[PDB]
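Asker: The structure follows.
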2 protein chains.
Amino acid sequence: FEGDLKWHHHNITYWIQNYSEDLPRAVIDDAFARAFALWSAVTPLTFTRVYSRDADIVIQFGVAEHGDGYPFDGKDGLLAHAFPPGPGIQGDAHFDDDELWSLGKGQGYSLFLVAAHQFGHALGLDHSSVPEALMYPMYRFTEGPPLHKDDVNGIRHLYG
Amino acid sequence: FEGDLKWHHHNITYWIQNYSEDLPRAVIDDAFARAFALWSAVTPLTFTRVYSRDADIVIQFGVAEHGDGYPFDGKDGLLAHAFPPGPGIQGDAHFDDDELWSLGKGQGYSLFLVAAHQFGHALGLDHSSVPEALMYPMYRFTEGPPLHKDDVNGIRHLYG
Ligand SMILES: CC(C)[C@H](C(=O)O)N(CCNC(=O)c1cccc(C(=O)NCCN([C@@H](C(=O)O)C(C)C)S(=O)(=O)c2ccc(-c3ccccc3)cc2)c1)S(=O)(=O)c1ccc(-c2ccccc2)cc1
Ligand SMILES: [Ca+2]
Ligand SMILES: [Ca+2]
Ligand SMILES: [Ca+2]
Ligand SMILES: [Ca+2]
Ligand SMILES: [Ca+2]
Ligand SMILES: [Ca+2]
Ligand SMILES: [Zn+2]
Ligand SMILES: [Zn+2]
Ligand SMILES: [Zn+2]
Ligand SMILES: [Zn+2]
């Protein structure tokens, strides 16, 4: 509630600028697609993968300094970040490639879960006080449906 | 916090209820004393160690669910928590003993710097937006003085 920053059109586009070596390109594309699908279902927004610098949400993996002014910190600590909606850097989502990206139970962080969390930020969502919620600021691996009442109440407040 | 929760007396008392086995008791006593020393310089408050359950700030090391419905999660993730000022549970500071507590550069998390962050919450400070600030909610080890302008502006907003 320093805003509320939101997108001002429904058909949001995204560009996967570059890839991590941790997973196959196809797997990465799918993790990101699944992560948008979670928000797609609960909002009037649609997400279209495009191959253009002019996409609303540009996705990159970057280690340390990746030229937006906000260095990653090597392994652990900061996992990723996303800028709230608006023009340019705003809306973009950056994943620290000093982390080990994976999917499923085990090593590293689920690219899916972390992307779903970053994309909530890329839609204008802040952190939730609810510990189970996707937008709670602490990563916990879960096999369960990632969205909870508080996440859905949050986007509904913005787009609903 | 909610309505700027703050203490309404100047002589704040604390009780170290139990001890982690990670460090000598004497080192633990001194780590916590130093953490209070940092907030006493910039505030009207003084902190007196007492040996009573009626202390304002009760300090304890615990694991998982530990009595307050706000459970810890084993090694890593959540490090500690403290409650804003007020009666009973309010003001108290809990340290996850599934973490390794240490001092200096190396293993584990510095009890001194974590205590200092927790005690700022136990005085009524919320999280800071400024990544260097002691009240920034990401642990980074540092040898430099812990307080930054944002922390001290925060405490002065509460206690003048
Ligand atoms: C803003 C970004 C750069 C980014 C993000 O959230 O997008 N990240 C920043 C996150 N940090 C925060 O912005 C933040 C904001 C508000 C609150 C919090 C927070 O409350 N964390 C818990 C704080 N802890 C306690 C406390 O601070 O007293 C307490 C409230 C439980 S703590 O135990 O974790 C803790 C304690 C002490 C300290 C400490 C700090 C300084 C000195 C000494 C100690 C730090 C943390 C964290 S991140 O770390 O790379 C990240 C984290 C989680 C996810 C995620 C992925 C999938 C599913 C769910 C989550 C993705 C990315
Ligand atoms: Ca953008
Ligand atoms: Ca990192
Ligand atoms: Ca990686
Ligand atoms: Ca923990
Ligand atoms: Ca108390
Ligand atoms: Ca321990
Ligand atoms: Zn970035
Ligand atoms: Zn977040
Ligand atoms: Zn507790
Ligand atoms: Zn904190």
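Residue positions begin at 1 at the first shown residue.
Backbone N, Cα and C atoms are what each Cβ position is placed from, and that goes for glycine too.
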Asker: Do you know which of A:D56, A:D73, A:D76, A:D98 Swiss-Prot groups with A:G88, A:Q90, A:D92 in the Ca(2+) 2 site?
Answerer: A:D56
Asker: Which are the residues of the chain, A:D22, A:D97, A:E99 excluded, whose CB is within 8 A of where the CB atoms of the Ca(2+) 1 site average out, their centroid?
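Answerer: Surrounding the site, in chain order, are A:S20, A:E21, A:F61, A:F95, A:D96, A:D98, A:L100, A:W101, A:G108.
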Asker: In terms of Cβ proximity below 8 Å, which binding-site residues out of A:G74, A:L78, A:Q90, A:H94, A:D96 neighbour chain B?
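Answerer: So the ones by chain B are A:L78.
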Asker: Can you tell me the CA-to-CA distance separating A:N11 (N-linked glycosylation site) and A:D73 (Ca(2+) 3 binding site), as a whole number of Å?
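Answerer: A Cα-Cα distance of 33 Å.
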Asker: How far is it from A:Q90 (Ca(2+) 2 binding site) to A:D68 (Zn(2+) 1 binding site), counting Cα to Cα, in Å?
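Answerer: So the alpha carbons of A:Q90 (Ca(2+) 2 binding site) and A:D68 (Zn(2+) 1 binding site) sit roughly 10 Å from each other.
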